[PDB]
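# Got a sequence here, can you model it:
(3 chains, ligands or ions: 3)
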Amino acid sequence: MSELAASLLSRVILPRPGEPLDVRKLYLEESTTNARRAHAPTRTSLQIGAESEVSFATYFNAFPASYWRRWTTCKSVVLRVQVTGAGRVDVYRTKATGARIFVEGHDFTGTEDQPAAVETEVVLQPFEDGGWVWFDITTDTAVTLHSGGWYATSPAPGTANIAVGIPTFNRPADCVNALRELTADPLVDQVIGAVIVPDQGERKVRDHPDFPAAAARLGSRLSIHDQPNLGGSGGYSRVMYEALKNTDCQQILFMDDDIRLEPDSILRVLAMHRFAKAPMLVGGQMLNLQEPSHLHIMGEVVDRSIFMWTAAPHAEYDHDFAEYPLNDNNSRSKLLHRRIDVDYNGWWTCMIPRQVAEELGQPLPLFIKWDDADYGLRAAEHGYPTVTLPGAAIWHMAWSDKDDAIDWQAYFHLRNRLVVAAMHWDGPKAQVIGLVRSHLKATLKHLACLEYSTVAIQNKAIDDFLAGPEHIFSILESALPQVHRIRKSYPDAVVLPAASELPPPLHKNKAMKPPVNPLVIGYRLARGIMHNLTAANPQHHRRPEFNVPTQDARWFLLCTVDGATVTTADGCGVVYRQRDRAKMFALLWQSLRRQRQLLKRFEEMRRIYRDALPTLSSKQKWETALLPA
Amino acid sequence: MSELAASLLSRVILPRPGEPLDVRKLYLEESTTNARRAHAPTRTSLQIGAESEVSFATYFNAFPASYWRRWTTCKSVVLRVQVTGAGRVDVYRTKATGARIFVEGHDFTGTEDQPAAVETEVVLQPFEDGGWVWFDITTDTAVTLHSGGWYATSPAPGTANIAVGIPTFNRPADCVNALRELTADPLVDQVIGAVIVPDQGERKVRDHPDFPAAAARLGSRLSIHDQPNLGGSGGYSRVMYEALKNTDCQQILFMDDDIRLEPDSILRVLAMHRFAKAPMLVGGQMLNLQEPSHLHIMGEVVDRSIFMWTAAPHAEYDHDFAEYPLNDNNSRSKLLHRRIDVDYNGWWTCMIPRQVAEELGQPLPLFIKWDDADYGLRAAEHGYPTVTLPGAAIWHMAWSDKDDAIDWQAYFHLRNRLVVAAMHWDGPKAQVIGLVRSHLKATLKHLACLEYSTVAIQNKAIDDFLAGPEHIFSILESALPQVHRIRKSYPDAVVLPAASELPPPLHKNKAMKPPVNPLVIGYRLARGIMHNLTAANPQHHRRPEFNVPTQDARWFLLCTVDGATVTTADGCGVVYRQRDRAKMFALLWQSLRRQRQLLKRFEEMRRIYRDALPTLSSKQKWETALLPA
Amino acid sequence: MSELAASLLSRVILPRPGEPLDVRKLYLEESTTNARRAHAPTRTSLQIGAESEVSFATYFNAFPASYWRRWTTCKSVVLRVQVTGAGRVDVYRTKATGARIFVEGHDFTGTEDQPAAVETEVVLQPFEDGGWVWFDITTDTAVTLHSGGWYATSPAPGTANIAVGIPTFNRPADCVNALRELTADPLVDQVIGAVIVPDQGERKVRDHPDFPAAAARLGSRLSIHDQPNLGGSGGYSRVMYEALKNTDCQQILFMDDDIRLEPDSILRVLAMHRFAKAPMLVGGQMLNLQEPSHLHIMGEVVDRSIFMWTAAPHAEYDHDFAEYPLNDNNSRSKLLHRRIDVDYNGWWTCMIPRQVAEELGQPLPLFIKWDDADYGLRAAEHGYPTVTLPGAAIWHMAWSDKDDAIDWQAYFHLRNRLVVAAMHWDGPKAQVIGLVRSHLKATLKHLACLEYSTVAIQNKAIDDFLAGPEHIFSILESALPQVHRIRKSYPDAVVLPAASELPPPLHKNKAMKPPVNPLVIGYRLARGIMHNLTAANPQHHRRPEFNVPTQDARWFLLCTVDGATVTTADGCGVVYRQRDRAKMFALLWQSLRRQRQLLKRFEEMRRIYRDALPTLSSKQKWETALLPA
Ligand SMILES: [Mn+2]
Ligand SMILES: [Mn+2]
Ligand SMILES: [Mn+2]
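Residues are numbered from 1 along each chain as shown, chains lettered A, B, ... in the order given. Ligands and ions are numbered 1, 2, ... in the order given. Right below this line is the structure:
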């Protein structure tokens, strides 16, 4: 009956026609011994040739059993498939080591008229610290898999009523696409109660030629709110503000505009939220929009030793499922079988229970960065954990090539790290030395790389954090322009269209091998210190010594030049980096001056920042930024 | 004629429809250059496309020639195949190194109406210390292999009349399945004279809904005997008791309830028993029920240096035939071509001649463990060797992941090792130092791992062995509950459903790399000794320092904590392990006290245990345990 | 016209139906991207699917260009193929390094009615020290290759009239097969003028049930000559004797009875003989009858430093073409592109010009071994070189596993080496130290391995060589029985059917790793010397310490035992090897005594042996051994 529909956790899904073979690996893994490729006539069905084997040990179709055991009331899961033809459904699970274990097989024989139903209940008891469940089909005669699903044994609790939030800024076409994809799958459509779009740009999504068609499918569920550029924080703050005040939605789902969606991902997230033992945040993972078979990360934490976000303990960035199948002996694939606990999830997909939003308050008024991490740490302090759910994903731009933490974002990275550190530290007193040491090493590296503007804006970052939580809030919007203004006067921050716009380099490039050798690193380091003590030659600021590609722009090469072009990470331009011994020393001294301030004033900072949390997170205070005159 | 049927050693067999591709490797190996997969219309026939090659150099279809040379009167074997279409049957053998040697080819041309018979006699002379024989088929036109077999040149001696024994304990569904599979193959059915089922559990196999249908196919050959839980020993003791007293079966075949059967396996075992040079025990091998293409072990011995069961000298655990074909250059596969001699076979499949059972007596009244090894050692002392026959296998649970020698089984492992050691030593006087040293190293390891209960029950194991063979017999049933009772008071033995039932750990986990480095092991060892000399902090017994996964729970990580949860091997729960310096030292001292007793009293033990063998193995004394008031 | 037939060097040939895929690699190499396997409807034609590529860079179908350049008058070779369908014939050659070079392509379009002729002349100029020529076919539409050949540009000189010689000894079935295969190919049949069969055994080939049918196809060309067992030398001596006296055949072709033939091989050999610059010996290569895709060796020389036959400088034994294609980057395959010069060819296939046989005389009356090497050295001293022709091969048993130079053959190996050394030395005076040192190292090794009989018969070998060339001739027949008689009294030479015929070993085996480690070899060596100085324990001659498999029977393991069974190389039995310090020392002293004799008397030996060559090689003196009373 529809008792099936109410207990559906995760549908077995298949690729769209014309899907590149790499991406198909996220869905199904076919034996190379098969006569022909399996064919997907719809997104929920599959035709398999006679005498063929297909494995559903895959990102989208395997069941992340250990996560369900850890966070939900589901004691068991039921696999249900409908099949025609003759063959066997084999059910497997893994230990947290990745070791595969055969659970049970079921021979079937069905026809189009009388299709076979194959059911398998798997208890979730043996998944304490990792493991997946999946099935394979090995055929006798040609087989059609008409449908498949992972089901709970009882209906989902609560009511499904999601407010989806999508902040957008000068990407009307991406936003229109996102709105369109939300209503593509009828089952996702039915559970969406509202779509809040804080439009923070000048190029409005409302003015896009395809907007009316996307807007029609949502009807009055859609609202667009014009506001100034308040970054991610202001965007998602608005979303949460609107959801609590102007809707009765039980779940708040943060999403993003520049995404591609696998709609079942939303239902998986929702299912985990509904079956949850206690209220919690449920997050989706990010697949790399530019390398679509690659998983960005299983989950992330905040490392408390230096208060810095990182990969969770047994997780590694950029896992290509086409090269490294889930069910494979290699070391990268085995890591995927551990249950990865997280401190927070990113806001490309993050479900927040209504009550939880109410109790915790709004995002901190940081512009970009650390706002998601803060909201995870805050939630945990209130006994609301976060789970990053494997197999529930969207496609989003990763820092795949195109990004570098040396531009204006570096200001926000440092400032907000400090704000959130002050807000959540809890650890011993002398623990801040770790964070400052971390920053010193990075500072000397920037100076070695001639990334002078970076250091300057990081000096402003420290000043702004030190000025307190009231100054932070007052510069929600003004902070960005002020960072640009500082950067304009540094040659290392002025992007030119091409190296060919400048005089041709004095020297041709020579391939320099990266020093792994212990003695050689020392030698390159000393050579760098020695050069940095000399007065720079001004002629190398008129004509660059080298044109350095991004991939070659490393400290060991850069710490011996007086002047060079360095290509930006996105490959779109170059900057003329220039050494000046007087400026370097001055920036270094200003940095050290600030480092000593941080470790002197950090305890005070914790007090004032924790005392300001009611204010920084109140809907009323946020109204002063969100709403105009 | 049926002169063929009487001399059949081993049928050429093929996979069931829908069999996973991995498992098919146990039967046939097909070239990837073939246009299509070979098709098995029945379990004894195969269709092969035109211009295709299939190799029968496989676990089930190759002939383990060296074993037949060593233990049977067969001077040669005849390969007989019936084929239609046109092609070549090529016959090969190996040297004990694995080197393949072409013996002879036979071109054939047959039709469905006039099928071709292809015969090849292979003398068993060149297989002194290893080697297999097999065939390949390379086709011209499409070929059907209608049947194939390895045959002796004369009828099998003796009469085939097997009593199959299956002890069962609270696994009625598995037992019913086993009973069902015994009658699946008509040729196995015909040679079964009785099926004895000692039902030792409370959930009776007789009460299972599918039992009547399984029981009908056996008729009056089946008998079920209710008795208390007397472990494996009591179970198999009952089987042997019933077979000798209440049947006239010439062969006794020990099996198990949680198995999957390849019925031809039984006939292979029987064939080797019948053609045997002199009476002997014939055992089957175990394929891993959870990784079905994996062989557990070629055979096992008792290493006399420390009296401990191990892999036979050139055998390695867990051989995956899908990754490592029999006929392949790699080092793991070459080992399979040596004739592996064994001291004993396990009781998942072990054929014992009626007369031999009569002369040797019953199993020793050990609860679990070492009873099979003892029966092999005992048989050898009477001039009855054991053979583990390759290609004759059942599927059974291996210690594949799910088992750990630290629970209640550790008591039985140590106690019974000592009993069997006392029973069979024969070696020099000072030889027991080896066994005690072995136990000391294990003891210190348990204490390092905080596995305190293990040490305590191993202390009881030594006491029970020391009390003598009469005490051993008197605690056949009572020993198990008494072990549980000791374990209840150790935190390291109380299983909780999840780490989440306890307060969250103080520290997050950090990946610790296993020390292979020589200096680093020393450093980790010293760090462990140093920590173990400090007084433990009681707060770490309230709140665990870490949640440690099974795979990470190693001595180098565990010897530096005061308190931590460790997940059980099966992944079903966790235990709160807790360091206490006073308890550790006390357990260690109690262990050392016992170690010194062992090497002082071992000679005495041999005398009293050897003198008690008539008693411990008599059917009359066993009646006091097997039969009620 | 038949001007084509007269200039044919080497036909393009294809496998028989049902040929194992490995062996097919000797003929054709097909791309795995092809839809279907190529099909050979006859041995000289091939069907190739549409859009497919087949390479004829193979043992049998590529042209060994450098050999033809070196030894024949052919300035160029013409490739001629007849094809239907549409595609391209691509012609390639290699440098001696293996580097492939594209020469020329030819698009064709033919039909069954109007087949396309594709011709390509390749000049042999760039093959000074290596290189092959071959073709590939890449198809557009389905293609049939109807025929292909490598042709000279002018008719073959001389007259083709071969006397084939096949000595046989108790292998009537193999001999009958050889006779049968000689007439299988009409083109080989036509050039055979006689078949001489010295039947040296008691089981006569004449008495074989299939002999009359084989004999009918040869008619009066076949003659069988009964004589005593005079080994290989007597056999081939008889062949040459009969060919010169009783036929007018222009070529003498030594073959063997236990062979499989690729008939075109004979024509290739004949073609090279006819086109030769000057008269020469043309030999065929040996493919491994037991591993049929493996080449035994490209060619062999006599290393003058110690006067011992070996692989030619850049040749390595046992080249598997299925694993290592001719046209492949790997190091083993690149060696195949050098022109390998030889000192001699073996007598499995060796063509000798009539005049050359006349001038050189008969084989030396050695029983087995070194007779072929001598005949090559002798021929070279008369300005008649030997060529081993790649791509011209028979299948013959290699020393693939089944042979060990420790039995009765060791006597002949040493004695004949000395005879041929005395006959051909030429080098400096002090050069014999090398040969004696070589023998000392081998002697100490035999004694270390307990191979005592070997040393004793090698002591007789030296004595027999020292007694002179007249004694050698007088013991042509009697030498074999006399070697057996010596060996009967050594336990290490008495073969027993199985280790199980002896008392069971004292110790089980333990895997000993082969010492590659520099210090460890030293340690094992010292341990061996130390043990060999002790008095052996007689009880270890009653009951063996170990049962040692052939593969494990190495000096480092064997030099520490007093008594052990060692399995024979063929796996058919075992010998009880026994250490005795008194016997060892006595044999060693007798060996050293002889070693000092050799280096004192070697100059004398050269004189007497060279002076006896007219006698040892005269047909008249050979009549005293070949013909009865
Ligand atoms: Mn985005
Ligand atoms: Mn069991
Ligand atoms: Mn031969």
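# show me the biggest helix of chain A in terms of residues.
helix A:581-611 (DSSP state H).
# So what touches the helix or strand following that helix?
Using DSSP states H and E, the helix or strand that follows helix A:581-611 in sequence is helix A:613-617. Identification of contacts with helix A:613-617 by Cβ atoms under 8 Å, 6 or more residues apart in numbering or on different chains yields A:360, A:361, A:362, A:363, A:364, A:365, A:423, A:469, A:472, A:473, A:621. Every C-beta, even on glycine, is put in place using the N, C-alpha and C of the backbone.
# Repeat that for stretch A:526-543.
Contact with stretch A:526-543 is made by A:447-448, A:491, A:502-506, A:555-556, A:559-563, A:576, A:578-581, A:584, as judged by Cβ under 8 Å, 6+ apart.
# Keep only those of those residues that are in helices.
Using DSSP H, these in helices are A:447, A:448, A:555, A:556, A:581, A:584.
# What is the neighbour count of the fourth one?
Neighbourhood size, residue A:556 [other Cβ atoms under 10 Å in any protein chain shown]: 18.
# Can you spell out the domain ranges of chain A, please?
Following curated CATH domains, one finds the domains of chain A at A:1-403, A:404-629.
# tell me which element the closest residue to chain C within chain A falls in.
Evaluated by Cβ to the nearest Cβ, chain A has residue A:32 as its residue closest to chain C, separated by 10.9 Å. Secondary structure assignment for residue A:32, by DSSP H and E: no helix or strand.
# Please name the nearest non-neighbouring residue to it.
residue B:32 (7.7 Å; Cβ to Cβ, 6 or more residues apart in numbering or on different chains).
# contacting residues for the one you found?
With Cβ under 8 Å, 6+ apart, residue B:32 has these contacts: A:32, A:33, C:32.
# Just the buried positions in the longest helix of chain A, please.
Using 16 or more other Cβ atoms under 10 Å in any protein chain shown as the burial criterion, the residues of helix A:581-611 that qualify are A:583-584, A:587-588, A:590-591, A:594-595, A:598, A:602, A:605-606, A:609.
# Just give me the closest of the residues you listed to residue C:395.
residue A:584 (78.7 Å; Cβ to Cβ).
# quick one: contacts for the residue of the stretch 51-200 of chain A found nearest chain B?
Ranked by Cβ to the nearest Cβ, the top residue of the stretch 51-200 of chain A for proximity to chain B is residue A:88, at 3.0 Å. Residue A:88 is in contact with A:105, A:106, A:107, A:108, A:137, A:138, A:140, B:17, B:18, B:19, B:20, counting by Cβ under 8 Å, 6+ apart.
# Against residue A:63, how distant is it?
Distance from residue A:88 to residue A:63, counting by Cβ to Cβ, to the nearest Å: 19 Å.
# What of residue A:460?
49 Å.
# So those two - more neighbours on which side?
More crowded of residue A:460 and residue A:63, by other Cβ under 10 Å: residue A:63, with 25 against 17.
# Report the contact partners of that one.
A:9, A:10, A:77, A:79, A:132, A:133, A:134, A:150, A:391.
# Surely residue A:165 touches residue A:178?
No. Counting by Cβ atoms under 8 Å, residue A:165 does not reach residue A:178; the two are 10.9 Å apart.
# list residues touching both of those two?
By Cβ under 8 Å, 6+ apart, residue A:165 and residue A:178 have these common neighbours: residue A:255.
# what does chain A have sitting close to chain B?
Residues of chain A found near chain B (Cβ under 8 Å from any Cβ of the partner chain) are A:31-33, A:35, A:51-53, A:69-70, A:86-88, A:90, A:95-97, A:99-102, A:105, A:107, A:125-131, A:136, A:138-140, A:301, A:304, A:313-314, A:338.
# related to what we said a few turns ago, and the longest helix of chain A, what other elements does it pack with?
Helix A:581-611 is packed against helix A:409-424, helix A:432-448, helix A:452-466, with contacts defined by 3 or more Cβ pairs under 8 Å, 6 or more residues apart in numbering or on different chains; DSSP states H and E.
# Output those as CSV; include the columns distance to residue A:218.
Below are the helices and strands packed on helix A:581-611 laid out as CSV (distance: least, Cβ to Cβ, whole Å):
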stretch, distance to residue A:218
helix A:409-424, 33
helix A:432-448, 45
helix A:452-466, 39
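# Just give the nearest non-adjacent residue to the residue of the stretch 301-450 of chain A found nearest ligand 3, would you?
Closest residue of the stretch 301-450 of chain A to ligand 3, Cβ to the ion: residue A:329 (47.0 Å). Leaving aside its sequence neighbours, residue A:329 sits nearest to residue A:98 (Cβ to Cβ, 6+ apart; 7.8 Å).
# which SS class is the one you found?
Following DSSP: H, G, I helix; E, B strand; the rest coil, we place residue A:98 in the coil state.
# Select the longest strand from chain A.
strand A:76-94 (DSSP state E).
# Quick check: buried residues in that one?
Buried-residue list, strand A:76-94, by 16+ other Cβ under 10 Å: A:77-94.
# same deal with stretch A:319-339?
Applying 16+ other Cβ under 10 Å to stretch A:319-339 flags A:319, A:321-322, A:324-328, A:333-339 as buried.
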